[PDB]
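A.B. asks: Structure in structure tokens, see below.
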Amino acid sequence: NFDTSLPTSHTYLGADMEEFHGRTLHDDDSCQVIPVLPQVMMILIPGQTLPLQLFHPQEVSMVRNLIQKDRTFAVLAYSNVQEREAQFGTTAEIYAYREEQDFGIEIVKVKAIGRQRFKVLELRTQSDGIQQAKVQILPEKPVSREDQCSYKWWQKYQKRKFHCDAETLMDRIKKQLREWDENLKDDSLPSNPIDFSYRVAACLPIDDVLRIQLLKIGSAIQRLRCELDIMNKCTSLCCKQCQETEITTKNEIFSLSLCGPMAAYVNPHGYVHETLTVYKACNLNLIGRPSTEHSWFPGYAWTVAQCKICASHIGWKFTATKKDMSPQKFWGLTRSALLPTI
Amino acid sequence: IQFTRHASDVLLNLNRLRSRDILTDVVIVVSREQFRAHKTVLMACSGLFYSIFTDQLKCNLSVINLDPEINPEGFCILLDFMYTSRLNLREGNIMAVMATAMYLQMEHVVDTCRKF
Amino acid sequence: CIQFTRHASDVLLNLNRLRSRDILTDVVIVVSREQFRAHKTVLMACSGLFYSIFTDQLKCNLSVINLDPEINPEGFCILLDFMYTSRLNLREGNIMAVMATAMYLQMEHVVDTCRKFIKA
Ligand SMILES: CN(c1ncc(Cl)c(Nc2ccc3c(c2)n(CCC(C)(C)O)c(=O)n3C)n1)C1CCN(c2ccc3c([C@H]4CCC(=O)NC4=O)nn(C)c3c2)CC1
Ligand SMILES: [Zn+2]
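Protein chains in written order, with this note's numbering: chain A, 896 to 1237; chain B, 157 to 272; chain C, 63 to 182.
Dropping the structure here:
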């Protein structure tokens, strides 16, 4: 019953956001210098939305200057946090902006979207704490889904085309994605192989090492093959701080926004979570009472949920408030705090 | 054990309360303009407010009017400095800010203004 | 703009000074049959539990608040002192009780500190 387009708007940030219609792509195999934000611990994939709320003086100044000049920055895919070294990254583009003054406080709300992948040669820190990286840009059916019509039709397609694959791999991935979401409609998933592969890669609930390994792949067919394998081997998700506890199973997850099962949301303190929605959670304990301010799913009330045999923070409750809403109960879980198991 | 950010965060939470106008028990009138806040915070930042709210007769006043000619922008900026420990001086108001701090008996702020 | 990295500590010191003299204190908390008087505003600035209690339009008018009777009173007192002084007095003989009381009070960073010290 719940509208599945609403979460993607990130309405909780603010209804009034200065918006920019534009796009800029760097010539492939070129060399350019890009600034990167002080701390962004997420492997941003092209076509994935990213909200931020920044506080620091240098951050607000540099992002303001960015939106004045070129409207893009860089996000480095760190292999590990402590070393601070990385060799690939993604350019992100600002497409929504707002600056907020609250009784002397200053913050900046922003929404960006990934565009291009790149390799970093070396990075140099200028005096004011901004990091500038030298970087080379990396180059890139029946109307009804009725079973029998698709069966004979696909046999015929295979016979005709290879009488002497992109569509086939996309079709199988779409079959799995539909297994996740019955309401899923084809026109929502892009028909271009590249966009489809990026969307699937973003939807996959997988750890960062696989994320970067998948981001480095330069061919759409290779991405689709790797995604097919990963989707068809993932078993369940386990608390990162237990190494063995069943919080969710593959079949429990259910998409609730156009972005897919998993998306990116932001905290009132500027920290970013990747949230995955599921209608069944285990080994979780609730603390406190329902609240609704700054809620990520409008009409729902969240309650922190902690790994009950681990005392570590995992997710939330999100019980609906009105009693005409179909999912009267579901759950959100933080990808950063659980790992795949096999 | 000591918390490096406990004080700053508690101040920010108090500012969040002020912005949402929650449990604010007093209002200050400067230059015919009103600013609502809490007595405890005001008396913790100003000698004037400390004197007023430690006075057993005046502490019951939920409305307080200062010297009418105190600049409103200066009082507002000083109140924001009270609630964020941050003071944004500028060329066009430093004199008024210094005068208002003197009226409020905020010696450190007045002394800092003397330097600029 | 400029910053006064000590002004916040000065404000906390003044508030603790007022607390020590019971000036403008408006609430009393009963923990383990023992009373502790303080200001609601400070409590809700440091505890999610008190935030919920005093943001409830029915319960904010209350001048007396009784917690879970089995919460450690010594831990509650130490946490109140930490609220008013940015200083937490942890010892082996109370660390677990302090952590439990903090979790009951829904004080995130306090429980985080307890976890950090217990891990060591
Ligand atoms: C407005 N407001 C406020 N105003 C005034 C005061 Cl006075 C005040 N006080 C206070 C209260 C409770 C404290 C506390 C201080 N402190 C600090 C103590 C100390 C000593 C360090 O200061 C501490 O630890 N707790 C528990 N809190 C709060 C309102 C709630 N709000 C919030 C809302 C949503 C999310 C999410 C997710 C959830 C899922 C989702 O869908 N959306 C999300 O974004 N995650 N998080 C983290 C959220 C946090 C926080 C601000
Ligand atoms: Zn666990």
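Cβ atoms here follow ideal geometry from the backbone N, Cα and C, with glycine treated the same way.
1. Give me the subset of the segment 1208–1222 of chain A whose CB atoms are less than 7 Å from a CB atom of chain C, sorted by chain position.
2. Between the segment 1141–1160 of chain A and the segment 1221–1232 of chain A, are three or more C-beta pairs nearer than 8 Å?
3. So if I threshold CB-CB distances at 7 Å, which residues from the segment 937–967 of chain A count as touching chain C?
4. Could you check whether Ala1007(A) and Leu949(A) sit closer than 8 Å to each other, using their CB atoms as the reference points?
5. Report yes if the C-beta distance between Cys1129(A) and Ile1142(A) is below 8 Å; otherwise report no.
6. Under 8 Å: do the segment 991–999 of chain A and the segment 238–252 of chain B share three or more Cβ pairs, one atom per stretch?
7. When the Cβ atoms of the segment 896–903 of chain A are set against those of the segment 921–937 of chain A, are three or more pairs found closer than 8 Å?
8. Can you tell me whether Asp1076(A) is helix, strand or coil according to DSSP?
9. Relative to ligand 2, is the shortest distance from any of its heavy atoms to the C-beta of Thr1140(A) smaller than 7 Å?
10. Which whole-angstrom value describes the C-beta separation of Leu939(A) and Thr985(A), a residue pair presumed to lie in contact below a C-beta threshold of 8 Å?
11. Got a sec: which bits of the segment 107–122 of chain C sit with their beta carbon under 9 Å from any beta carbon on chain A, in order along the chain?
12. Pick out whichever of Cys139(C), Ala164(C), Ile91(C) has its Cα sitting closest to the Cα of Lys102(C).
13. When you compare the segment 1167–1180 of chain A with the segment 157–165 of chain B, are there three or more beta-carbon pairs, one atom per stretch, that lie closer than 8 Å?
14. With DSSP as the reference, label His264(B) as helix, strand or coil.
15. Could you name the residues whose beta carbon sits closer than 6 Å to any heavy atom belonging to ligand 3, keeping them in chain order?
16. Less than 7 Å between the CB of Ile938(A) and some heavy atom of ligand 2, yes or no?
17. Are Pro941(A) and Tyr1093(A) close, meaning C-beta to C-beta below 8 Å?
18. Could you give the DSSP three-state label for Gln190(B): helix, strand or coil?
19. Using a Cβ cut-off of 9 Å, pull out every chain A residue sitting near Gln97(C), in sequence order please.
20. If you follow the alpha helix (DSSP H) that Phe209(B) is part of, which residue opens it and which one closes it?
21. Nearest to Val976(A) by alpha carbon, out of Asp1103(A), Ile1125(A), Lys1080(A)?
22. Roughly how many angstroms lie between the CA atoms of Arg1073(A) and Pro1034(A), to the nearest whole one?
23. Nearer than 7 Å: is that true of the beta carbon of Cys1205(A) relative to any heavy atom of ligand 2?
24. Given that a residue counts as buried once 16 or more other Cβ atoms are within 10 Å of its Cβ, and exposed if not, what is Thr1236(A)?
25. Rounded to the nearest angstrom, what separates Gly1024(A) and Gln953(A) at their Cα positions?
26. Compare the C-beta of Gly1183(A) against all C-beta atoms of chain C and say whether one is closer than 8 Å.
27. Check the Cβ-Cβ distances between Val166(B) and every residue of chain C, and say whether any is below 8 Å.
28. Quick one: residues in its chain with C-beta nearer than 8 Å to the C-beta of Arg979(A), no 5 flanking neighbours on either side, listed in chain order?
29. What's the gap between the Cα of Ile1032(A) and the Cα of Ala1097(A)?
30. Less than 8 Å between the C-beta atoms of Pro1100(A) and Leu1179(A), yes or no?
31. Check whether the segment 76–95 of chain C and the segment 228–241 of chain B are in contact - that is, three or more C-beta pairs closer than 8 Å.
32. Can you name the residues of chain A whose CB is closer than 8 Å to the CB of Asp236(B)?
33. Less than 7 Å separating the Cβ of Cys1177(A) from some heavy atom of ligand 2?
34. I want to see whether chain A comes within less than 8 Å of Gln65(C), judged by CB atoms only; does it?
35. Per DSSP, what are the beta-bridge partners of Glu1001(A) in this structure?
36. Using the C-alpha atoms, what's the distance from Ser109(C) back to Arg172(B)?
C.D. replies: The answer reads as follows:
1. Within the segment 1208–1222 of chain A, no residue has a Cβ lying closer than 7 Å to any Cβ of chain C.
2. Flag = yes, the segment 1141–1160 of chain A and the segment 1221–1232 of chain A touch.
3. Residues of the segment 937–967 of chain A that bring their beta carbon within less than 7 Å of a beta carbon in chain C are absent altogether.
4. No; because the gap between Cβ atoms is not below 8 Å, this pair is not in contact.
5. The Cβ atoms of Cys1129(A) and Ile1142(A) do not sit closer than 8 Å to each other.
6. Because the criterion of three Cβ pairs below 8 Å is met, the segment 991–999 of chain A and the segment 238–252 of chain B touch.
7. No contact exists between the segment 896–903 of chain A and the segment 921–937 of chain A.
8. Note: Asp1076(A) maps to coil in three-state DSSP.
9. Flag set: Cβ of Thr1140(A) near ligand 2.
10. With a Cβ gap of about 5 Å, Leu939(A) and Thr985(A) count as contacting.
11. Near chain A, meaning a CB-to-CB distance below 9 Å, the residues of the segment 107–122 of chain C are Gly110, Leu111, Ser114.
12. Residue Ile91(C) holds the alpha-carbon nearest to the alpha-carbon of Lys102(C) among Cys139(C), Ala164(C), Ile91(C).
13. Per the Cβ contact rule, the segment 1167–1180 of chain A is not in contact with the segment 157–165 of chain B (fewer than 3 Cβ pairs under 8 Å).
14. For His264(B), the secondary structure class from DSSP, reduced to helix, strand or coil, is helix.
15. This structure lacks ligand 3; its bound ligands are ligand 1 and ligand 2.
16. Within the chosen limit of 7 Å, ligand 2 does not reach the beta carbon of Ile938(A) with any heavy atom.
17. Result yes, Cβ atoms of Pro941(A) and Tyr1093(A) sit closer than 8 Å.
18. Three-state result, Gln190(B): strand.
19. Below the 9 Å Cβ cutoff, chain A contributes no neighbours of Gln97(C), its closest Cβ being approximately 25 Å away.
20. That run of the alpha helix (DSSP H) goes 203–210.
21. For the options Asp1103(A), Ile1125(A), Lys1080(A), the alpha carbon positioned closest to that of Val976(A) is the one of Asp1103(A).
22. Roughly 31 Å between the two C-alpha positions.
23. Under cutoff, so the answer is yes.
24. Exposed.
25. Distance between the alpha carbons of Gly1024(A) and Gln953(A) is about 8 Å.
26. Chain C contact via Cβ: present.
27. Output row for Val166(B): interface = yes.
28. A distance below 8 Å between beta-carbons, with the five flanking residues on each side excluded, links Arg979(A) to the following residues of its chain, in chain order: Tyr973.
29. Approximately 21 Å, taken between the alpha carbons.
30. No, Cβ-Cβ distance for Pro1100(A) and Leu1179(A) is not below 8 Å.
31. Two segments are said to touch when three or more pairs of C-beta atoms, one from each, lie closer than 8 Å; by this definition the segment 76–95 of chain C does not touch the segment 228–241 of chain B.
32. Proximity of chain A to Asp236(B) at the Cβ level (cut-off 8 Å) is accounted for by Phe998, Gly999, in chain order.
33. Outside the cutoff, so no.
34. Residue-level contact by beta carbon fails for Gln65(C) and chain A, as no gap is shorter than 8 Å.
35. Per DSSP, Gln996(A).
36. Each residue's alpha carbon lies about 14 Å from the other.
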